[PDB]
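Visitor: Okay, handing you the structure first.
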Protein chains: 2
Amino acid sequence: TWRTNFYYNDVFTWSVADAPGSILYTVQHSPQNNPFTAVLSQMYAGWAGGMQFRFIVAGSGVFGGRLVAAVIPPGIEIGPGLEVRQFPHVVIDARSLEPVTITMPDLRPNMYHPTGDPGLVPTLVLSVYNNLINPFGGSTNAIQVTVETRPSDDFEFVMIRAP
Amino acid sequence: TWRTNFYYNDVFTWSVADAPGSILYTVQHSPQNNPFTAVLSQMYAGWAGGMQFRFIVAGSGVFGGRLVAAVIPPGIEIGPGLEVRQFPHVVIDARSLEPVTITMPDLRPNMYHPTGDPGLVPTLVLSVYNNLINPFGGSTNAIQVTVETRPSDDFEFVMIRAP
């Protein structure tokens, strides 16, 4: 189905100008981060469970540099000097050919979350850990990173919404 | 589920001024006529099957008059002198206490219909057959008719839509 495949959600740019600690991508955990859960969330009041995010770095396994994708607990705001490796995180190397996937989990497995006004949910943040390096000639000094998502196996919608 | 219950879709007015042959309500057969199929139709390319429409006339079983609800084949346009009883139809009496339900069926059970640009689909039309009569004093000369829908048992969505 749609819930077993990853689907394109977004894209962001990573350039040699983005210094360590810069945040290049951020998103609150929500059904709006997948195009199918975004549709279905309009007919349910509640949801629960994780969402997987898969990043493909278009650096032809050649560029140097690294991002850290980290899951930030609710009501912690993240700055640019902010350490994130204390949070559940995965490292994304510019030279990797393969996709790197991170699970944004449900941090409150105790209570269904609203599909409406979200309350207190985790945030996914992607920050520069090592500077992007274009070895040798540019003039390509920026690359793109695609973001695709799929609901985790524990993702669910509940409570039909009164229309 | 949502597909077993009728849900409010719309409302229309019937007044003593509406003469026989007036059209008081009309709608193309479509998933947009139920609030749940309207949501789900955004993630599918195709659909098929019938939709039930239930009308409750708010005439306290007292007003005189009748409407005919008729299903009009595609590409027949209906005027106000237009006979409809040759089409599948049900009669709605102003004096009825109970709801009156009509099935708008899939007239092309041979081919899934698009949820997008609809092509050629039947139309539900409600026309005055006998004038609404307020016996005795008004000053209520108009009543409302609520419209509720539910997918028929053969209703289906197919072909996940490329987002």
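Residue numbers start at 1 in each chain; chains themselves are named A, B, ... in the order of the structure tokens; ligands are numbered from 1 in the order shown.
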Could you give me the residues within stretch 3-160 of chain A that DSSP places in strand (DSSP E or B), as a ChimeraX atom specification?
Guide: /A:7-15,23-28,44-48,51-57,64-72,89-93,100-104,113-114,123-133,142-151,156-160
Visitor: If we count only C-alpha atoms, which residues of chain A reach to within 8 Å of chain B? Please list them as a ChimeraX atom specification.
Guide: /A:2,35-36,39-40,42-43,160,163
Visitor: Deliver the residues from the most recent selection as a file, using N, CA, C and O atoms, as a short mmCIF file (atom, residue, chain, number, x, y, z; two decimals), in the first residue's frame.
Guide:
```
data_model
loop_
_atom_site.label_atom_id
_atom_site.label_comp_id
_atom_site.auth_asym_id
_atom_site.auth_seq_id
_atom_site.Cartn_x
_atom_site.Cartn_y
_atom_site.Cartn_z
N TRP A 2 0.24 2.36 0.36
CA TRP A 2 0.95 3.62 0.43
C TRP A 2 1.78 3.64 1.69
O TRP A 2 2.80 4.30 1.75
N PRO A 35 2.28 12.45 2.18
CA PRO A 35 1.12 12.97 1.50
C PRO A 35 -0.15 12.17 1.73
O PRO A 35 -1.27 12.70 1.59
N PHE A 36 -0.01 10.90 2.08
CA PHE A 36 -1.21 10.11 2.33
C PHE A 36 -1.74 10.28 3.72
O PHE A 36 -2.96 10.36 3.88
N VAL A 39 -3.65 13.47 3.85
CA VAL A 39 -5.03 13.40 3.41
C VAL A 39 -5.95 12.75 4.45
O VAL A 39 -7.03 13.25 4.78
N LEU A 40 -5.52 11.63 5.01
CA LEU A 40 -6.35 10.89 5.90
C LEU A 40 -6.54 11.59 7.22
O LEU A 40 -7.61 11.42 7.84
N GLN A 42 -7.41 14.44 7.66
CA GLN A 42 -8.57 15.33 7.65
C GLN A 42 -9.88 14.62 8.10
O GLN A 42 -10.88 15.26 8.40
N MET A 43 -9.91 13.31 8.08
CA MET A 43 -11.12 12.64 8.55
C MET A 43 -11.01 11.93 9.91
O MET A 43 -11.94 11.28 10.30
N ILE A 160 -12.87 8.96 14.31
CA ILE A 160 -13.46 9.59 13.15
C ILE A 160 -13.88 10.98 13.54
O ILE A 160 -14.48 11.17 14.54
N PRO A 163 -17.70 15.90 11.06
CA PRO A 163 -17.50 16.90 10.01
C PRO A 163 -18.39 18.19 10.16
O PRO A 163 -18.06 19.27 9.48
#
```
Visitor: Would you mind reading off the distance between atom CA of residue A:154 and atom CA of residue A:49, one decimal, in Å?
Guide: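 Separating atom CA of residue A:154 from atom CA of residue A:49 is a distance of 4.9 Å.
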Visitor: Taking only C-alpha atoms into account, name the residue in A:130, A:53, A:142, A:69 that is nearest to residue A:91.
Guide: A:69
Visitor: Give me the residues near stretch 19-33 of chain A as a PyMOL selection string, where near means some atom within 9 Å (using only C-alpha atoms) and where sequence neighbours in that chain fewer than 5 positions away do not count.
Guide: chain A and resi 9-14+38-41+47+50-51+67+69+78-83+104-106+115+118+121-132+148-151
Visitor: What does the distance between atom CA of residue B:90 and atom CA of residue B:70 come to in Å, to one decimal place?
Guide: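 Answer for the atom CA of residue B:90 to atom CA of residue B:70 separation: 6.6 Å.
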Visitor: Got a sec: who's within 9 Å of residue B:120, counting only C-alpha atoms, leaving out chain neighbours fewer than 5 positions off, as a ChimeraX atom specification?
Guide: /B:73-75,113
Visitor: Save out the residues we just selected, C-alpha atoms, as a PDB file, in the first residue's frame.
Guide:
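Contents of the output file again_32.pdb:
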```pdb
ATOM      1  CA  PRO B  73     -28.708   9.703 -17.114  1.00  0.00           C
ATOM      2  CA  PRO B  74     -25.555  11.623 -18.199  1.00  0.00           C
ATOM      3  CA  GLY B  75     -25.860  14.348 -20.913  1.00  0.00           C
ATOM      4  CA  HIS B 113     -14.975   6.796 -12.780  1.00  0.00           C
TER       5      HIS B 113
END
```
Visitor: Could you check the closest approach to residue A:63 for each of A:157, A:44, A:136, A:6 and tell me which residue wins, using only C-alpha atoms?
Guide: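 Using only C-alpha atoms, residue A:63 sits closest to A:136.
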Visitor: Taking the chain letters and numbering used in this document, name the residues of stretch 13-124 of chain B that DSSP puts in helix (DSSP H, G or I), as JSON, numbers by chain.
Guide: {"B": [31, 32, 33, 35, 36, 37, 38, 39, 40]}
Visitor: Which of these residues is nearest to residue A:18, using only C-alpha atoms: A:88, A:98, A:143, A:77?
Guide: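 That would be A:143, the residue with the smallest distance to residue A:18.
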Visitor: Between atom CA of residue B:46 and atom CA of residue B:112, what is the spacing in Å?
Guide: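 A separation of 5.8 Å between them.
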